[PDB]
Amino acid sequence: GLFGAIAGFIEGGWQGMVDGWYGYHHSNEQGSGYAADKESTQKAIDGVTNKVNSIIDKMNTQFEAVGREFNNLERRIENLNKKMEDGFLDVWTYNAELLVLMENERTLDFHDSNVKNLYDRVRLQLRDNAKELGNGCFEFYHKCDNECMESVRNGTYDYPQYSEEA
């Protein structure tokens, strides 16, 4: 997209993660499955929610048309009233549509960025103790089981705990 992560180096989405928005798939000794990161999926829900609520609140003061009537010798003023009400309606319609166009693009590039930073926060939480497959995947130069996963999926994974495996 803009951050190279969604539909980029990571080629596709996991039709099998009902868990959440961004996640992990682990394939190891004691079984293989999916797990969504609850940390940065919630953080992304808060951001999208406020963005929705702030867009609505911004259109709170938008123009409200009011009916006015004129006789047939007040044609100039009848015409001025019409052009100006339609004027404000076009202005606020442009504002709603454009703001939606712009924030949609940003909302996408946002998700794109969240996936990327998650990859990057794990990638340097591994250094050389693992190998970058390049398609969004890491292979371990060592042994790793479930209790080894809660460790990476939470933020702290010991670097000199497997540094010697080579």
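Sequential numbering from 1, following the sequence displayed.
Novice: If you average the Cα B factors in the entry, which is higher, 126-134 or 66-74?
Specialist: Higher of the two, by average CA B-factor, is 126-134.
Novice: Can you tell me which stretch has the higher mean Cα B-factor, 154-162 or 10-18?
Specialist: Per the PDB entry, the higher value belongs to 154-162.
Novice: Of the options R106, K116, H26, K51, which has the highest CA B factor as deposited?
Specialist: Among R106, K116, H26, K51, the PDB entry lists the largest C-alpha B-factor for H26.
Novice: Rank-wise, by C-alpha B-factor, drop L99 into the lowest, middle or highest third of its chain.
Specialist: Within its chain, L99 is a lowest-third residue by C-alpha B-factor, going by the deposited values.
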